[PDB]
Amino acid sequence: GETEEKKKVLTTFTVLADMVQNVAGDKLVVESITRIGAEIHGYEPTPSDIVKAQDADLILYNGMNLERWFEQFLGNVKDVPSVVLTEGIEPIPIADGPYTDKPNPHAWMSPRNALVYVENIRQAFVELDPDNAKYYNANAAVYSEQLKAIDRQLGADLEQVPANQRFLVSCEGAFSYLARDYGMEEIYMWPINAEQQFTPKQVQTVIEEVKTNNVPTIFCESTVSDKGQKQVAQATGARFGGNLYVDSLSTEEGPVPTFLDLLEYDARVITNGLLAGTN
């Protein structure tokens, strides 16, 4: 009597992938629809993506319209349970552009929020695989504990840059939750990823705001263009920080190979970017 196989949980992108894989341990086999630095807001699902979902015992997604392409994707697969890892989180509405004041989906950029992400991942696993409950709870318990610990570090990290200098300018406004948590003023080229290609007025606005605040370093993300941000960089003298990570982790090489890494790093390169470097 063979013990049989392990459940297949599918997730929309690489960040959620690392989160779930940390609550599943070796009990479940986790897979992610998208591969590394890919625009996840409007990714087009290949046939393989469709077939996977069909042969997956559970599909976990962010919700809050993060993966605009989900509703459709899930539409063409029979009864494969689906749960939104975002349930419980009180959203921050979008500022402008299309999706005017709809929910900002980037809630996982808030360690405080990441905790409810992990509770829901946990709950779905005990129902999906009741036998391995113990493990999932032991995993989540350990995982939750690290979130809290890094949360302390994040807060103790950003409070360095004085209150009236805590300006986090970026490409997409994905760091809104991280900003609210650690009292920062956000400055972005566009609210959320959409029709996009942004506009010269959006970059124009970013151009003045940086000046009306003397932000020494400005960043962008590893999933969107940097052609727009750099302009504001070499036309405002602000130092162009590298890429911050939100909608996708990185490789085994490079930084941000794990979500927890993602938090420590983003904030770490943010804190010292707002410290010196005006001229």
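From 1 onward, residues are counted along the sequence shown.
Note on 103-111 vs 76-84: mean CA B-factor is higher in 76-84.
Legend: mean Cα B-factor per stretch from the PDB entry, 157-165 versus 144-152; the higher mean is in 157-165. For the set 244, 66, 38, 233, the PDB entry puts the maximum C-alpha B factor at 233. For residue 196, the recorded CA B-factor ranks within the highest third of the chain. Only modelled residues enter the ranking. Among all modelled residues in its chain, residue 249 ranks in the lowest third by Cα B-factor. Per the PDB record, residue ranking by Cα B-factor puts residue 9 in the middle third of the chain. Among the modelled residues of its chain, residue 127 has a C-alpha B-factor that falls in the highest third, as given in the PDB entry. The deposited CA B-factor of residue 90 belongs to the lowest third of values across its chain.
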